[PDB]
>>> print(open('structure25.cif').read())   # mmCIF, N, CA, C and O atoms
data_my_file
#
loop_
_atom_site.label_atom_id
_atom_site.label_comp_id
_atom_site.auth_asym_id
_atom_site.auth_seq_id
_atom_site.Cartn_x
_atom_site.Cartn_y
_atom_site.Cartn_z
N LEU A 155 39.85 -4.65 14.42
CA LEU A 155 39.68 -3.24 14.10
C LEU A 155 38.20 -2.91 13.90
O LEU A 155 37.41 -3.74 13.44
N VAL A 156 37.84 -1.69 14.26
CA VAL A 156 36.47 -1.21 14.13
C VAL A 156 36.55 0.25 13.72
O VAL A 156 37.53 0.95 14.00
N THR A 157 35.53 0.71 13.00
CA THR A 157 35.60 2.01 12.34
C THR A 157 34.31 2.79 12.55
O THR A 157 33.29 2.25 12.97
N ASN A 158 34.38 4.09 12.25
CA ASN A 158 33.27 5.00 12.47
C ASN A 158 32.17 4.77 11.44
O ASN A 158 32.43 4.76 10.24
N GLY A 159 30.94 4.62 11.93
CA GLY A 159 29.78 4.55 11.05
C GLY A 159 29.72 3.32 10.18
O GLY A 159 29.22 3.39 9.05
N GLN A 160 30.19 2.18 10.68
CA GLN A 160 30.22 0.96 9.90
C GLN A 160 28.81 0.36 9.81
O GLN A 160 27.86 0.84 10.42
N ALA A 161 28.69 -0.72 9.04
CA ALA A 161 27.41 -1.41 8.89
C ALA A 161 27.33 -2.70 9.69
O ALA A 161 26.22 -3.17 9.96
N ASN A 162 28.46 -3.28 10.07
CA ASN A 162 28.48 -4.52 10.83
C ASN A 162 28.44 -4.20 12.32
O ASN A 162 29.21 -3.37 12.80
N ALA A 163 27.55 -4.88 13.04
CA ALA A 163 27.41 -4.63 14.46
C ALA A 163 28.57 -5.26 15.24
O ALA A 163 29.38 -6.02 14.70
N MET A 164 28.64 -4.92 16.53
CA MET A 164 29.67 -5.46 17.40
C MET A 164 29.13 -5.96 18.73
O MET A 164 29.87 -6.64 19.45
N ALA A 165 27.88 -5.66 19.08
CA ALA A 165 27.17 -6.24 20.21
C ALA A 165 25.68 -6.10 19.94
O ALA A 165 25.28 -5.51 18.93
N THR A 166 24.86 -6.65 20.83
CA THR A 166 23.41 -6.55 20.67
C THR A 166 22.77 -6.55 22.06
O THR A 166 22.73 -7.59 22.72
N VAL A 167 22.27 -5.40 22.49
CA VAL A 167 21.48 -5.29 23.71
C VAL A 167 20.01 -5.22 23.34
O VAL A 167 19.64 -4.69 22.28
N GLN A 168 19.16 -5.79 24.20
CA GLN A 168 17.74 -5.86 23.91
C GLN A 168 16.95 -6.05 25.20
O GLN A 168 17.41 -6.73 26.13
N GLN A 169 15.78 -5.43 25.25
CA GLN A 169 14.91 -5.44 26.42
C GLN A 169 13.72 -6.35 26.15
O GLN A 169 13.29 -6.51 25.00
N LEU A 170 13.18 -6.97 27.21
CA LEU A 170 12.17 -8.00 27.04
C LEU A 170 11.02 -7.89 28.04
O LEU A 170 10.42 -8.90 28.40
N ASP A 171 10.71 -6.68 28.54
CA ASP A 171 9.69 -6.66 29.57
C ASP A 171 8.28 -6.72 28.95
O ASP A 171 7.46 -7.49 29.45
N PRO A 172 7.92 -5.93 27.89
CA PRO A 172 6.96 -6.47 26.93
C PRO A 172 7.65 -7.01 25.69
O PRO A 172 8.82 -6.69 25.46
N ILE A 173 6.97 -7.84 24.90
CA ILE A 173 7.50 -8.35 23.64
C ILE A 173 6.44 -8.17 22.57
O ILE A 173 5.32 -8.66 22.71
N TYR A 174 6.79 -7.46 21.50
CA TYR A 174 5.88 -7.27 20.37
C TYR A 174 5.71 -8.57 19.59
O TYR A 174 6.57 -9.45 19.60
N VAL A 175 4.56 -8.68 18.92
CA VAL A 175 4.25 -9.78 18.02
C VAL A 175 3.70 -9.18 16.74
O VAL A 175 2.65 -8.53 16.76
N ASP A 176 4.39 -9.40 15.62
CA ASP A 176 4.02 -8.80 14.34
C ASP A 176 3.27 -9.84 13.50
O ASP A 176 3.88 -10.63 12.78
N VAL A 177 1.95 -9.82 13.57
CA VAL A 177 1.13 -10.76 12.83
C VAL A 177 0.63 -10.13 11.54
O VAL A 177 0.52 -8.90 11.42
N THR A 178 0.32 -10.98 10.56
CA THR A 178 -0.03 -10.55 9.21
C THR A 178 -1.35 -11.18 8.80
O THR A 178 -1.48 -12.40 8.81
N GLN A 179 -2.31 -10.35 8.41
CA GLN A 179 -3.53 -10.84 7.78
C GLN A 179 -3.60 -10.36 6.33
O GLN A 179 -3.12 -9.27 6.01
N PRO A 180 -4.15 -11.17 5.43
CA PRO A 180 -4.22 -10.76 4.02
C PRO A 180 -5.22 -9.64 3.80
O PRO A 180 -6.18 -9.47 4.55
N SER A 181 -4.99 -8.88 2.73
CA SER A 181 -5.84 -7.74 2.41
C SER A 181 -7.21 -8.14 1.89
O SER A 181 -8.11 -7.30 1.85
N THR A 182 -7.38 -9.40 1.47
CA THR A 182 -8.71 -9.88 1.12
C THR A 182 -9.58 -10.03 2.37
O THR A 182 -10.78 -9.74 2.34
N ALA A 183 -8.97 -10.45 3.48
CA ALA A 183 -9.71 -10.61 4.73
C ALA A 183 -10.09 -9.28 5.36
O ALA A 183 -11.04 -9.24 6.15
N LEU A 184 -9.38 -8.19 5.03
CA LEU A 184 -9.82 -6.86 5.47
C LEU A 184 -11.15 -6.48 4.84
O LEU A 184 -12.02 -5.94 5.51
N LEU A 185 -11.32 -6.78 3.55
CA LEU A 185 -12.57 -6.43 2.88
C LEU A 185 -13.71 -7.33 3.33
O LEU A 185 -14.83 -6.85 3.54
N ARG A 186 -13.44 -8.63 3.50
CA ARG A 186 -14.45 -9.56 4.00
C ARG A 186 -14.83 -9.24 5.44
O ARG A 186 -15.96 -9.51 5.86
N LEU A 187 -13.90 -8.66 6.21
CA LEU A 187 -14.23 -8.21 7.55
C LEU A 187 -15.07 -6.93 7.50
O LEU A 187 -16.12 -6.84 8.14
N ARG A 188 -14.63 -5.94 6.72
CA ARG A 188 -15.19 -4.60 6.79
C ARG A 188 -16.54 -4.49 6.10
O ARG A 188 -17.41 -3.75 6.58
N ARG A 189 -16.75 -5.22 5.00
CA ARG A 189 -18.04 -5.17 4.30
C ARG A 189 -19.15 -5.79 5.14
O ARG A 189 -20.29 -5.32 5.09
N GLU A 190 -18.83 -6.81 5.92
CA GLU A 190 -19.82 -7.40 6.82
C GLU A 190 -19.90 -6.68 8.15
O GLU A 190 -20.94 -6.77 8.83
N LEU A 191 -18.85 -5.97 8.56
CA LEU A 191 -18.88 -5.28 9.85
C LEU A 191 -19.52 -3.90 9.74
O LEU A 191 -20.05 -3.39 10.74
N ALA A 192 -19.49 -3.29 8.56
CA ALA A 192 -20.01 -1.93 8.43
C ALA A 192 -21.53 -1.90 8.38
O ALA A 192 -22.16 -1.13 9.11
N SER A 193 -22.13 -2.74 7.54
CA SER A 193 -23.57 -2.70 7.32
C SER A 193 -24.30 -3.95 7.78
O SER A 193 -25.27 -3.84 8.54
N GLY A 194 -23.87 -5.12 7.35
CA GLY A 194 -24.69 -6.31 7.44
C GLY A 194 -24.95 -6.93 8.80
O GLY A 194 -26.05 -6.79 9.34
N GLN A 195 -23.95 -7.61 9.38
CA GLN A 195 -24.21 -8.55 10.46
C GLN A 195 -23.59 -8.15 11.79
O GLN A 195 -24.30 -8.02 12.79
N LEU A 196 -22.28 -7.94 11.84
CA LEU A 196 -21.53 -7.97 13.09
C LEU A 196 -20.97 -6.60 13.43
O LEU A 196 -20.82 -5.72 12.58
N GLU A 197 -20.66 -6.42 14.72
CA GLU A 197 -20.17 -5.15 15.24
C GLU A 197 -19.17 -5.42 16.36
O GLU A 197 -19.16 -6.51 16.95
N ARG A 198 -18.34 -4.43 16.65
CA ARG A 198 -17.32 -4.53 17.69
C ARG A 198 -17.71 -3.70 18.90
O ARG A 198 -18.15 -2.55 18.77
N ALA A 199 -17.53 -4.27 20.09
CA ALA A 199 -17.87 -3.59 21.34
C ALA A 199 -17.13 -4.24 22.50
O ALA A 199 -17.03 -5.46 22.58
N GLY A 200 -16.62 -3.40 23.40
CA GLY A 200 -16.03 -3.89 24.64
C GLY A 200 -14.54 -4.10 24.52
O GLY A 200 -13.83 -3.23 24.01
N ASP A 201 -14.07 -5.26 24.98
CA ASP A 201 -12.69 -5.69 24.79
C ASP A 201 -12.50 -6.49 23.50
O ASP A 201 -11.62 -7.35 23.42
N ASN A 202 -13.34 -6.22 22.50
CA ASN A 202 -13.45 -7.08 21.33
C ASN A 202 -12.23 -6.94 20.43
O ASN A 202 -11.52 -7.91 20.17
N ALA A 203 -11.96 -5.72 19.96
CA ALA A 203 -10.80 -5.46 19.13
C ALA A 203 -9.59 -5.00 19.93
O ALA A 203 -8.75 -4.26 19.41
N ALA A 204 -9.49 -5.40 21.20
CA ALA A 204 -8.37 -5.01 22.04
C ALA A 204 -7.53 -6.20 22.49
O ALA A 204 -6.33 -6.24 22.22
N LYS A 205 -8.13 -7.19 23.15
CA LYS A 205 -7.37 -8.24 23.82
C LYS A 205 -7.24 -9.46 22.92
O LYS A 205 -8.23 -9.97 22.40
N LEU B 155 22.02 3.12 16.22
CA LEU B 155 22.89 4.14 15.66
C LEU B 155 22.29 4.71 14.38
O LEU B 155 21.56 4.03 13.65
N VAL B 156 22.60 5.97 14.11
CA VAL B 156 22.08 6.72 12.97
C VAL B 156 23.23 7.43 12.28
O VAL B 156 23.98 8.17 12.92
N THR B 157 23.37 7.21 10.98
CA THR B 157 24.41 7.82 10.17
C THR B 157 23.79 8.94 9.34
O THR B 157 22.57 8.98 9.14
N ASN B 158 24.62 9.89 8.90
CA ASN B 158 24.18 11.02 8.09
C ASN B 158 23.71 10.51 6.73
O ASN B 158 24.52 10.19 5.86
N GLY B 159 22.39 10.47 6.54
CA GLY B 159 21.79 10.06 5.29
C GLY B 159 22.05 8.61 4.92
O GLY B 159 22.71 8.33 3.92
N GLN B 160 21.53 7.68 5.71
CA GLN B 160 21.80 6.27 5.46
C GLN B 160 20.84 5.74 4.40
O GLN B 160 20.02 6.47 3.83
N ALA B 161 20.94 4.44 4.12
CA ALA B 161 20.12 3.84 3.07
C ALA B 161 18.68 3.65 3.54
O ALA B 161 17.75 4.21 2.96
N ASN B 162 18.48 2.85 4.59
CA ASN B 162 17.14 2.54 5.04
C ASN B 162 16.53 3.71 5.82
O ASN B 162 17.23 4.56 6.38
N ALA B 163 15.20 3.73 5.85
CA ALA B 163 14.46 4.80 6.51
C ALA B 163 14.23 4.45 7.97
O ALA B 163 14.76 3.46 8.49
N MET B 164 13.44 5.26 8.66
CA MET B 164 13.05 4.96 10.04
C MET B 164 11.55 4.82 10.21
O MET B 164 11.10 3.91 10.91
N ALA B 165 10.76 5.69 9.60
CA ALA B 165 9.31 5.64 9.68
C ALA B 165 8.73 6.27 8.42
O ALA B 165 9.24 7.28 7.94
N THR B 166 7.67 5.67 7.90
CA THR B 166 7.06 6.12 6.65
C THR B 166 5.79 6.90 6.97
O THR B 166 4.77 6.32 7.36
N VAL B 167 5.85 8.22 6.79
CA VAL B 167 4.71 9.10 6.99
C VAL B 167 4.10 9.36 5.62
O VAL B 167 4.71 10.03 4.78
N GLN B 168 2.89 8.84 5.39
CA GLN B 168 2.23 8.97 4.10
C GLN B 168 0.82 9.49 4.29
O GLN B 168 0.18 9.27 5.33
N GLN B 169 0.33 10.20 3.28
CA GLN B 169 -0.98 10.83 3.30
C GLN B 169 -1.90 10.11 2.32
O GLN B 169 -1.51 9.87 1.17
N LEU B 170 -3.10 9.76 2.77
CA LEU B 170 -3.96 8.81 2.08
C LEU B 170 -5.27 9.48 1.64
O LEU B 170 -6.22 8.80 1.26
N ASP B 171 -5.35 10.81 1.67
CA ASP B 171 -6.67 11.42 1.51
C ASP B 171 -7.09 11.50 0.04
O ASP B 171 -8.27 11.26 -0.25
N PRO B 172 -6.21 11.85 -0.93
CA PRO B 172 -6.35 11.23 -2.26
C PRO B 172 -5.38 10.08 -2.41
O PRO B 172 -4.44 9.97 -1.62
N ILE B 173 -5.58 9.20 -3.39
CA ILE B 173 -4.61 8.14 -3.70
C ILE B 173 -4.41 8.08 -5.20
O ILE B 173 -5.35 8.30 -5.97
N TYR B 174 -3.19 7.78 -5.62
CA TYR B 174 -2.89 7.53 -7.02
C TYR B 174 -3.09 6.05 -7.33
O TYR B 174 -2.97 5.19 -6.46
N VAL B 175 -3.40 5.76 -8.60
CA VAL B 175 -3.55 4.40 -9.09
C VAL B 175 -2.68 4.25 -10.32
O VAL B 175 -2.94 4.88 -11.35
N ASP B 176 -1.65 3.41 -10.24
CA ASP B 176 -0.69 3.22 -11.33
C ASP B 176 -1.21 2.11 -12.24
O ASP B 176 -1.01 0.93 -11.96
N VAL B 177 -1.84 2.49 -13.34
CA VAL B 177 -2.55 1.58 -14.22
C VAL B 177 -1.63 1.15 -15.35
O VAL B 177 -1.10 1.99 -16.08
N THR B 178 -1.46 -0.16 -15.52
CA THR B 178 -0.59 -0.73 -16.55
C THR B 178 -1.42 -1.13 -17.77
O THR B 178 -2.40 -1.87 -17.64
N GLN B 179 -1.02 -0.64 -18.94
CA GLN B 179 -1.69 -0.97 -20.20
C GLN B 179 -0.64 -1.41 -21.22
O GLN B 179 0.39 -0.74 -21.36
N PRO B 180 -0.88 -2.50 -21.95
CA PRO B 180 0.10 -2.96 -22.95
C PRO B 180 0.20 -2.01 -24.13
O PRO B 180 -0.68 -1.19 -24.38
N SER B 181 1.30 -2.15 -24.88
CA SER B 181 1.61 -1.18 -25.92
C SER B 181 0.87 -1.45 -27.23
O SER B 181 0.51 -0.50 -27.93
N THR B 182 0.63 -2.72 -27.57
CA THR B 182 -0.02 -3.04 -28.85
C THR B 182 -1.48 -2.59 -28.85
O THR B 182 -1.98 -2.10 -29.88
N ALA B 183 -2.16 -2.73 -27.72
CA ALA B 183 -3.50 -2.18 -27.58
C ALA B 183 -3.49 -0.66 -27.64
O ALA B 183 -4.45 -0.06 -28.13
N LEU B 184 -2.40 -0.03 -27.19
CA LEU B 184 -2.30 1.42 -27.30
C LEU B 184 -2.10 1.86 -28.75
O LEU B 184 -2.65 2.89 -29.16
N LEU B 185 -1.35 1.08 -29.54
CA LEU B 185 -1.25 1.36 -30.97
C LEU B 185 -2.59 1.17 -31.67
O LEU B 185 -2.94 1.96 -32.56
N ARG B 186 -3.34 0.13 -31.29
CA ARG B 186 -4.66 -0.09 -31.87
C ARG B 186 -5.62 1.04 -31.51
O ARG B 186 -6.39 1.50 -32.36
N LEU B 187 -5.53 1.54 -30.28
CA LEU B 187 -6.39 2.65 -29.85
C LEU B 187 -6.00 3.95 -30.55
O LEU B 187 -6.88 4.72 -30.95
N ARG B 188 -4.70 4.20 -30.73
CA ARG B 188 -4.27 5.40 -31.45
C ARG B 188 -4.67 5.35 -32.92
O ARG B 188 -5.04 6.38 -33.50
N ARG B 189 -4.61 4.17 -33.53
CA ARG B 189 -5.02 4.04 -34.93
C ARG B 189 -6.53 4.23 -35.09
O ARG B 189 -6.97 4.95 -36.00
N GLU B 190 -7.33 3.63 -34.21
CA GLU B 190 -8.78 3.81 -34.30
C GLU B 190 -9.21 5.22 -33.89
O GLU B 190 -10.27 5.68 -34.32
N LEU B 191 -8.41 5.92 -33.08
CA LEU B 191 -8.74 7.29 -32.73
C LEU B 191 -8.34 8.25 -33.84
O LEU B 191 -9.02 9.26 -34.06
N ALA B 192 -7.23 7.97 -34.53
CA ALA B 192 -6.85 8.79 -35.68
C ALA B 192 -7.79 8.56 -36.86
O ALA B 192 -7.99 9.47 -37.67
N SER B 193 -8.36 7.36 -36.98
CA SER B 193 -9.39 7.14 -37.97
C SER B 193 -10.73 7.70 -37.47
O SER B 193 -10.87 8.13 -36.33
N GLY B 194 -11.72 7.68 -38.36
CA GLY B 194 -13.00 8.30 -38.09
C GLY B 194 -14.07 7.43 -37.47
O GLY B 194 -15.18 7.90 -37.25
N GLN B 195 -13.77 6.16 -37.18
CA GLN B 195 -14.79 5.28 -36.60
C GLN B 195 -14.96 5.54 -35.11
O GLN B 195 -16.07 5.83 -34.64
N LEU B 196 -13.87 5.45 -34.34
CA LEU B 196 -13.92 5.52 -32.89
C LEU B 196 -13.41 6.88 -32.43
O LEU B 196 -12.34 7.33 -32.87
N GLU B 197 -14.16 7.53 -31.54
CA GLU B 197 -13.75 8.80 -30.96
C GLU B 197 -14.10 8.82 -29.48
O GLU B 197 -15.01 8.12 -29.03
N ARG B 198 -13.35 9.61 -28.72
CA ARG B 198 -13.57 9.74 -27.29
C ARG B 198 -14.56 10.87 -27.01
O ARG B 198 -14.72 11.79 -27.81
N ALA B 199 -15.22 10.78 -25.86
CA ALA B 199 -16.20 11.78 -25.46
C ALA B 199 -15.51 13.04 -24.94
O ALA B 199 -14.28 13.14 -24.90
N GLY B 200 -16.31 14.01 -24.53
CA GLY B 200 -15.77 15.27 -24.03
C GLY B 200 -15.85 15.40 -22.53
O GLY B 200 -15.15 16.23 -21.94
N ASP B 201 -16.70 14.59 -21.89
CA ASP B 201 -16.85 14.63 -20.44
C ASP B 201 -16.82 13.26 -19.77
O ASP B 201 -16.58 13.20 -18.56
N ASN B 202 -17.07 12.18 -20.50
CA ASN B 202 -17.10 10.84 -19.94
C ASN B 202 -15.82 10.06 -20.22
O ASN B 202 -15.69 8.92 -19.78
N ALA B 203 -14.87 10.66 -20.94
CA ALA B 203 -13.61 10.00 -21.26
C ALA B 203 -12.53 10.25 -20.22
O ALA B 203 -11.39 9.80 -20.41
N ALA B 204 -12.84 10.96 -19.14
CA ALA B 204 -11.90 11.18 -18.05
C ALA B 204 -12.40 10.63 -16.72
O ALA B 204 -11.73 10.82 -15.70
N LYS B 205 -13.55 9.96 -16.70
CA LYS B 205 -14.08 9.34 -15.49
C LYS B 205 -13.78 7.85 -15.53
O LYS B 205 -14.14 7.17 -16.50
#
>>> encode(input="structure25.cif", output="structure tokens")
Amino acid sequence: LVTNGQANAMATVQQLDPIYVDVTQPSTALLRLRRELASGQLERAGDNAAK
Amino acid sequence: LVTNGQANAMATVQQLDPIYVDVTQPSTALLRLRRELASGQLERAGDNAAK
């Protein structure tokens, strides 16, 4: 038996032509990245923050 | 599938232009601060006590 608006699934379809990747960086590394990238040493250009 | 008013959300739209800061302070220090403020030794300023 199956009912309207239930919570348990009954099949699973999924597409795979691109596939996402959910990576995690810590929030301390955001500050260590941004404080040195804004003023001091390094900068982003080209395909740097893309590929 | 989407049900009428389900539990979980779909996307979180949030505005970041001001931000709130939920500051936790213990209660015994708050009693000590209220006692020293009701007494005549320690008092708060008129313009620097909200910054």
>>> interface_residues(input="structure25.cif", of="chain B", to="chain A", cutoff="12 Å", atoms="only C-alpha atoms", output="MDAnalysis selection string")
chainID B and resid 155:162
>>> calpha_fit_rmsd(input="structure25.cif", fixed="chain B", moving="chain A")
1.1 Å
>>> atom_distance(input="structure25.cif", atom1="atom O of residue 177 in chain B", atom2="atom C of residue 202 in chain B")
17.3 Å
>>> atom_distance(input="structure25.cif", atom1="atom O of residue 189 in chain A", atom2="atom O of residue 176 in chain A")
25.9 Å
>>> atom_distance(input="structure25.cif", atom1="CA of residue 168 in chain A", atom2="CA of residue 204 in chain A")
26.2 Å
